[PDB]
Amino acid sequence: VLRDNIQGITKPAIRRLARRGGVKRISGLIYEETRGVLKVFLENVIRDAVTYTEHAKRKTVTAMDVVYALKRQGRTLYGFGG
Amino acid sequence: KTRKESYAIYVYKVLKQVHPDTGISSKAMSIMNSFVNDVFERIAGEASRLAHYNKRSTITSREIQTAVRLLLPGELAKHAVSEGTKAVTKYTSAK
Amino acid sequence: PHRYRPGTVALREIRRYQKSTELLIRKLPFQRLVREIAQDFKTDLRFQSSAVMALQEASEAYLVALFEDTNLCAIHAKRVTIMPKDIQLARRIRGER
Amino acid sequence: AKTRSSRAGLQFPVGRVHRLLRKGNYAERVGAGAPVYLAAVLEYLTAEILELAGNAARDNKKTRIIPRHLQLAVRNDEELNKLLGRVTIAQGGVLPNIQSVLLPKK
DNA sequence: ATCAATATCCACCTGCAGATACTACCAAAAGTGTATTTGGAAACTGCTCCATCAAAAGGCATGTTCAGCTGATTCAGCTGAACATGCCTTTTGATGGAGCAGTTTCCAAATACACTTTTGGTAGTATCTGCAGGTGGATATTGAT
């Protein structure tokens with residue numbers, strides 16, 4: 001029963017996210033749009049974090065790699081160091 | 001009667017290289033000068049941070065290179081990286 | 001035989017999830033996706049557990065806020081149903097497009 | 001006595017760039033290759049923009065690059081647009097762009 | 001309206017995950033003292049360019065008219081919410097090993113430093129040139145009919 005990883009981001013899970021965002025009613029096409037948006041979000045951030053990993057000569061992406069990538073994308077995160 | 005540096009003559013040199021019969025207005029030059037300063041500050045800054053993050057006191061062409069990859073989009077990064085590598089490689093063999 | 005009307009449970013859920021702070025995507029599937037995306041930038045990577053966690057926290061905060069904007073965009077057009085064109089508008093105005 | 005610019009094969013002043021890195025308080029030390037690499041990236045970028053802007057000037061039957069030409073060059077190029085996504089070029093105006101539903105008839 | 005299903009509220013119970021208190025320790029700040037460097041306020045003044053003002057040059061304010069857009073109304077049909085459960089994916093925890101991180105090492109490359117050369121900026125005076133804004137005069141575009 002092979003399944004694409006992005007589809008692992010399921011309808012109910014996207015439904016829950018919308019709910020926290022105060023959304024009452026959701027169009028069937030929203031689930032695919034959301035996955036695309038998440039993909040671009042993660043590409044942009046992971047790209048930069050990996051770039052930090054490579055610079056340090058590591059094979060492990062660290063929380064700090066991620067925290068620094070988030071800071072420069074203007075999405076500062078508190079709770080994981082720095 | 002204090003001296004005020006700019007990248008003007010260098011911008012003009014490069015301009016003649018690419019469009020030998022084209023000039024530049026002083027306002028356009030002012031904008032070119034601002035752009036160069038701006039990108040300089042953005043790359044040096046990333047380099048600065050990167051160095052701090054790795055507990056290093058030295059900014060080397062390696063720091064600049066990561067800064068370039070962090071700052072520039074896709075294809076501009078790729079090409080800036082070649083041009084910078086090329087210049088340093090050439091520079092190393094030239095003394 | 002008992003049946004709640006459309007929107008009744010949806011409200012009940014908005015209240016529920018606005019009260020809590022747990023992550024709403026299952027950890028494992030999110031982790032696979034992260035690794036898949038990263039594989040295109042560098043092969044044979046390992047991830048600190050907290051690194052994945054950081055990414056999930058950031059990704060879920062992002063999407064939650066995007067849904068709020070999206071919801072305003074639906075309501076601006078006098079609807080109560082969110083559509084991709086609402087997500088699209090929100091991203092264009094945010095300057096992500 | 002050959003300039004460090006000519007040594008690296010560059011128009012942009014490597015000396016000047018080395019100096020600005022020191023005065024700029026970016027780290028304790030500046031490596032010798034840093035201003036070389038940086039000056040080249042700087043030179044590359046300005047060649048990219050003057051190329052495109054020169055074209056806009058020609059397209060406009062003009063011989064002198066003005067700020068409108070820099071704007072057209074930057075906004076018409078996906079990557080320069082994103083790189084200067086939060087920058088304003090004075091006297092650049094905007095790209096001609098009218099939304100569909102605004103046009104007459106059907 | 002009544003009525004019954006089911007969600008929600010609260011008081012009380014408790015095991016343990018996560019908070020905290022305590023001791024012995026050491027490397028490493030943080031502080032104290034003395035010898036040395038310099039950054040910048042102040043005091044003076046050349047001189048750029050800002051506020052100010054008078055005449056000239058063109059955009060703004062206003063009222064009338066109606067085209068067509070917005071918002072209300074109604075309606076049918078499409079499309080997403082609600083629903084119940086065993087399949088199947090995720091979570092939990094137990095266990096080898098990869099690699100991050102701590103440590104010592106030693107030299108390529110860093111800073112410092114002092115005469116020596118080069119050059120980018122400006123400043124005073126000169127001649128050049130791209131194109132803005134004026135013109136007339138041939139080619140659309142638009143809206144009445």
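Heavy-atom basis, side chains included; hydrogens, waters and symmetry copies ignored. In what follows, chains are A, B, ... by sequence order, proteins preceding strands, each numbered from 1.
- As rounded to the nearest Å, E:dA54 and E:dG133 have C1' atoms that lie 27 Å from one another.
- When the shell of 6.0 Å around NE2 of B:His79 is examined, it contains 12 or fewer heavy atoms from other residues, nucleotides or ligands.
- Nearest to the side-chain atoms of C:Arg12 among the listed nucleotides E:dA7, E:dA81, E:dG99 stands E:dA7.
- With a negative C1'-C2'-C3'-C4' torsion, the sugar ring of E:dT14 falls in the south range.
- A salt bridge links C:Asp86 to C:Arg79: at least one charged side-chain nitrogen sits closer than 4.0 Å to a carboxylate oxygen.
- A negative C1'-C2'-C3'-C4' torsion places the sugar of E:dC16 in the south, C2'-endo-side range.
- Rounded to whole Å, the P atom of E:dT92 lies 12 Å from the corresponding atom of E:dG18.
- The pentose of E:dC53 belongs to the north class of puckers. Its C1'-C2'-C3'-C4' angle has a positive sign.
- Other residues, nucleotides and ligands contribute at most 12 non-hydrogen atoms within 6.0 Å of the OH atom of B:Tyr12.
- Relative ring orientation between D:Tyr26 and B:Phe40 is described as perpendicular, the plane-to-plane angle rising above 60° on a 0-90° scale split at 30° and 60°.
- Each of D:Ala32 and C:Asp44 was assigned the nucleotide of DNA chain E with the nearest heavy atom; the assignment lying further toward the 5' end belongs to C:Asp44.
- Counting any heavy atom pair closer than 4.0 Å across all strands shown, B:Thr2 reaches sugar-phosphate atoms only and no base atom.
- Neighbours E:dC83 and E:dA84 do not stack on each other, since their six-membered rings do not meet both centres under 5.5 Å apart and planes tilted under 30°.
- Not one side-chain nitrogen or oxygen of D:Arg22 sits closer than 4.0 Å to the OP1 or OP2 atom of E:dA110.
- Here B:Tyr10 lies in heavy-atom contact (under 4.0 Å) with sugar-phosphate atoms only.
- The CD atom of A:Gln73 sits 10.0 Å away from atom CZ of A:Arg75, with the distance rounded to the nearest 0.5 Å.
- Comparing the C1' positions of E:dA30 and E:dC26 gives a spacing of 16 Å, expressed to the nearest Å.
- In terms of position on DNA chain E, the residue among C:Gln48 and A:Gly28 whose nearest nucleotide sits closer to the 5' end is A:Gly28.
- For the pair B:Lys1 and E:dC47, the criterion of a side-chain N or O lying under 4.0 Å from OP1 or OP2 is met.
- Nearest to the side chain of A:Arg58, among E:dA81, E:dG121, E:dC100, sits E:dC100.
- For the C1' atoms, the distance linking E:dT89 with E:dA11 amounts to 38 Å, nearest Å.
- Rounded to whole Å, the distance from CD1 on D:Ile65 to P on E:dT129 is 19 Å.
- The nearest whole Å value for the distance from the CD1 atom in D:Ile66 to the P atom in E:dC131 is 8 Å.
- Across all strands shown, B:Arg3 has heavy atoms under 4.0 Å from sugar-phosphate atoms exclusively, and none from any base.
- Between the P atoms of E:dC69 and E:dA144, the separation comes to 15 Å (whole Å).
- Counting heavy atoms from C-beta outward, C:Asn71 and C:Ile82 have side chains that approach closer than 4.5 Å.
- Because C1'-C2'-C3'-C4' is negative for E:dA140, its sugar is assigned to the south class.
- C:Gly7 comes within 4.0 angstrom of the backbone, heavy atoms only, and of no base.
- Counting any heavy atom pair closer than 4.0 Å across all strands shown, A:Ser27 reaches sugar-phosphate atoms only and no base atom.
- Regarding D:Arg19, its CZ atom lies at a distance of 17 Å from the P atom of E:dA112, rounded to whole Å.
- Per the geometry, NZ belonging to A:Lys11 stands 14 Å off P belonging to E:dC83, to the nearest Å.
- To the nearest 0.5 Å, the span separating CZ on A:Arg15 from CZ on A:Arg19 amounts to 5.0 Å.
- Taking the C1' atom of each, E:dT52 and E:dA126 are spaced 35 Å apart, rounded to whole Å.
- A cation-pi arrangement is present between C:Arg12 and C:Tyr4 under the rule of less than 6.0 angstrom and at most 45 degrees off the ring axis.
- C:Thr8 comes within contact range of the sugar-phosphate backbone alone, with a heavy-atom separation under 4.0 Å but no base atom that close.
- Salt bridge C:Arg92/C:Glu96: absent, no basic N to carboxylate O contact under 4.0 Å.
- When the nucleotides E:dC131, E:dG99, E:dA7 are ranked by their closest atom to the side chain of D:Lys62, E:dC131 comes out on top.
- Contact of D:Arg29 with E:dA110 (side chain to base): no donor-acceptor pair of N or O atoms is detected under 3.5 Å.
- Only the P atoms considered, E:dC3 is 43 Å distant from E:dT79, to the nearest whole Å.
- With rounding to whole Å, D:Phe12 atom CZ is found 15 Å from E:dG120 atom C1'.
- Between the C1' atom of E:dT141 and the CG atom of D:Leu103 lies a distance of 15 Å, rounded to the nearest Å.
- Regarding contacts with the backbone of E:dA110, every side-chain N or O of B:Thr58 stays at 4.0 angstrom or more from both OP1 and OP2.
- When rounded to the nearest whole Å, the span between CD1 of A:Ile26 and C1' of E:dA81 equals 10 Å.
- Protein atom CD of D:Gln91 is 14 Å distant from nucleotide atom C1' of E:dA132, rounded to whole Å.
- Within 4.0 Å of C:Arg16, counting heavy atoms only, lies no atom of the nucleic acid at all.
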Annotated protein contacts, base or backbone, on nucleotides 85-98 of chain E with a non-hydrogen cut-off under 4.0 Å, one of B, S, - each = ----SSB-------
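- With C1' as the reference atom, E:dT48 and E:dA123 are 15 Å apart, rounded to whole Å.
- Remark: A:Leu2 CG is loosely packed, at most 12 non-hydrogen atoms of other residues, nucleotides or ligands lying under 6.0 Å away.
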